[PDB]
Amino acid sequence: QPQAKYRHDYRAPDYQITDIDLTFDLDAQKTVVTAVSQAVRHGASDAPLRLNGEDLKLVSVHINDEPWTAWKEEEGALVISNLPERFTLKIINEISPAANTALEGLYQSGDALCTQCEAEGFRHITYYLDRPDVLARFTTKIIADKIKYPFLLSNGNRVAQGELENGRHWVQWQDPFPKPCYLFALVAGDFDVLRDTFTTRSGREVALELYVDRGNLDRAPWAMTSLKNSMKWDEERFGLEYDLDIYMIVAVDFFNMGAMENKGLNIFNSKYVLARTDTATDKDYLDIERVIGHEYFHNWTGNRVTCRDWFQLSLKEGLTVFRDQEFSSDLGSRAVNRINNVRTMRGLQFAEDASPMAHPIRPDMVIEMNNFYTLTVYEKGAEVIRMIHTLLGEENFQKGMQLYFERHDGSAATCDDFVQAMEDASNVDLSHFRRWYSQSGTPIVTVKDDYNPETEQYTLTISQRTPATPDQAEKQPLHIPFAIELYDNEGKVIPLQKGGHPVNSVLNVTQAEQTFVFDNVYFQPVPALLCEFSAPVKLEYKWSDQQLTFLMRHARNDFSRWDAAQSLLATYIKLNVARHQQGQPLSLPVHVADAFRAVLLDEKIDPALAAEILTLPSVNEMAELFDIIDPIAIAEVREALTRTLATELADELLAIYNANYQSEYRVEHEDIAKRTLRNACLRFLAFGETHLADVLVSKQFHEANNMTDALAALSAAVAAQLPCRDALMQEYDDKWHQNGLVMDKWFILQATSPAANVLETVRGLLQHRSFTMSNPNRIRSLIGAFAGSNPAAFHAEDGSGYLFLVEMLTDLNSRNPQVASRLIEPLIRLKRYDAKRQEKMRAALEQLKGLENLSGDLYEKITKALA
């Protein structure tokens, strides 16, 4: 297995390549690549040029057209010795796109040929300096059969084109912007193309082109609209304009991730492009908006300024995720977006930070870089950027962005460079703050308060600590922006002050323990703590149920109201899981049910907020409330809680469900909010009197005039195991079996079903007409959903879930390591479960560990999980 690489070993390259001219003689079985690079030595004169290469058939090596004899091929490299200070390197090699099942480098997607080069896929195309601090100007000539590949695309603009004998043709592209090879892209195939235009604020007219498989034009307008929305927003919010003449996006069916920001030629998983009202849900529309925007935002945060090395991945991913969240939030509901992102942080990222794979947002050790496009690097990375925004304020934050681009435009930078730019532009000291980049694990912030009537002072005693993680035995206090707000008994905000001077609501929690005193607090306050999730930490405060219901009705920020409800539910989710383990039924105080009844009947509350408060935490969110996870107890308690609320709020739920009916379907935020609330109510109504529920659900499925409402009904039928379930599921299959993206929703429902025979059903679906092990989307929607989204079934006491996953991973380890690595994650969490389960999970991991040709992707995770 390959050795681990460490951030502290970074060293500038001995050679730089300033320009590269590529020529591809394209063919699915045998592609011939000719690469002419202009190299310049920067290191010692006796240093050899070390080129990275994987699975390449070397044809020849020339230096200034002279056949070179001073070279040697070694594991993953071509080492060239005795070179001039400046020279022209010419490499000719062959590759086989059709044989590329890992989908890394140049591969085949259906009948099209396309690429994926990040993190290190370009080395699978030709021998090169496959490191992001080497920026070269690319020129790409593509030669191919005209009938099979009428469209030949690469980064930049077309500078040449011609016809050849034997029905072949070629096109040459030039991208003026120097770039690391991970941003290189090539696409060849036959597509339908949606063309539009966007005029920047300064007048630059940009040609927009969206390439989709023939017959998919009816699902392309929303993505195009989202691209234009993204371009406009970046101008308005960040003052950034697109910098090229054309913007191409190609939607492909076979892609390991969601999308890729290749300069001027983004390549997208079709899941994040294709949408029409009968195939896509409101969520799909908003996800397409998010991803289209995300990759577009990389044009500046990632492309114009790239990464010095891969340990600096968060420099572009954390910042770009922050940007896509601000984009979504500005255009839609900021409260809903913040709530959703906090659910991801608390329910998924915290779990990772408490797992064997824990790492700082800026990793120190990496074996397989593809294993580091994580919730930590992305989501926590964004939370760190957001904390900088919280500490600086929008104005100074933008000044920091401006200085960052001024200093690093056209180069590869580091996380430290970014922080320095923010510090220098704002004059805000971020020296202590920097620890957020080096320390893994989730900080735990404990708060104790006291109200002194004699002095009319409110005191907060705040403590912090980060438990040790398997990767770091030493932990230190962080600079935690801790936002608060105090309310009097009328729900009015109490001015924060001390010694006659106002105090900022964002407290600087920088020590292991500290006190914060506020005077002129005339009456005992109810505090709102860690407002808007001001820092990615776990809050420990002894809330009374009344303080929480008070906040649910009076908190100024909608997020606080949702957050208070989560704290209220946590107490009873924990209470009932303990009861479940002792064979006792659900117990819930009347005043708790009343709090949710109040939310339903509050006419002043935003439907968007009400919908989220009425959406119970997922089983994965619930799992984080426990030291030792009991997946079956959690799943059954979640259903029991749903049933109890459905019974206690039956009339109110139906009233709100009916009140939010909308005849017209619009992908507009106000409409989406009402529909989300209506369907939130439907989830509960599905657990009402069987016949009543069955009729209501089947009715919505059949009368729905959009996929959002149809899927909501189908999901409810499956969740409540209603009589109509089998009929509706078969009807969906018969109508959509030919559409993979649509069937993925169906596979997810089958995989996350509460039915006793779910595994048997999932295994059988491996033979379904709409499923195929060759497609990452299908794999993740069926197998991934089962293992990661149905922990109750995956963790069946008999161990059947683990055995099934081992079978699937034995296949995927050889076929597609990246997808295999995404799928093994559930097994890596073994220490969070009981002894019996740990034993079975360890056995499963040991079996995988002994696999012939074990991929580095899995090796890295298996090793840490078995430690």
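Start at 1 with the first residue shown and count on from there. Basically, rigid core = biggest C-alpha set you can superpose within 1.5 Å across the two forms.
Superposition on the core shows that, in 6 other deposited structures of this protein, the C-alpha atoms drift more in one of 401-409 and 685-693; this is 685-693. 783-791 and 597-605 differ in mean CA B-factor, and the higher of the two is recorded for 597-605. Stretches 160-168 and 92-100 differ in mean CA B factor, with 160-168 having the higher one.
As recorded in the entry, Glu456 carries the highest CA temperature factor of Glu456, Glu379, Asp309, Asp417. Remark: of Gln439, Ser314, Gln524, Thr571, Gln524 shows the highest value [criterion: C-alpha B-factor in the PDB entry]. Among the modelled residues of the chain, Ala844 sits in the middle third by CA temperature factor in this PDB entry.
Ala835: CA B factor lies in the highest third for its chain, per the PDB record. Per-chain ranking of the deposited C-alpha B factor places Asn853 in the highest third. The PDB entry assigns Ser774 a C-alpha temperature factor belonging to the highest third of its chain's modelled residues. The PDB entry assigns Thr461 a C-alpha temperature factor belonging to the highest third of its chain's modelled residues.
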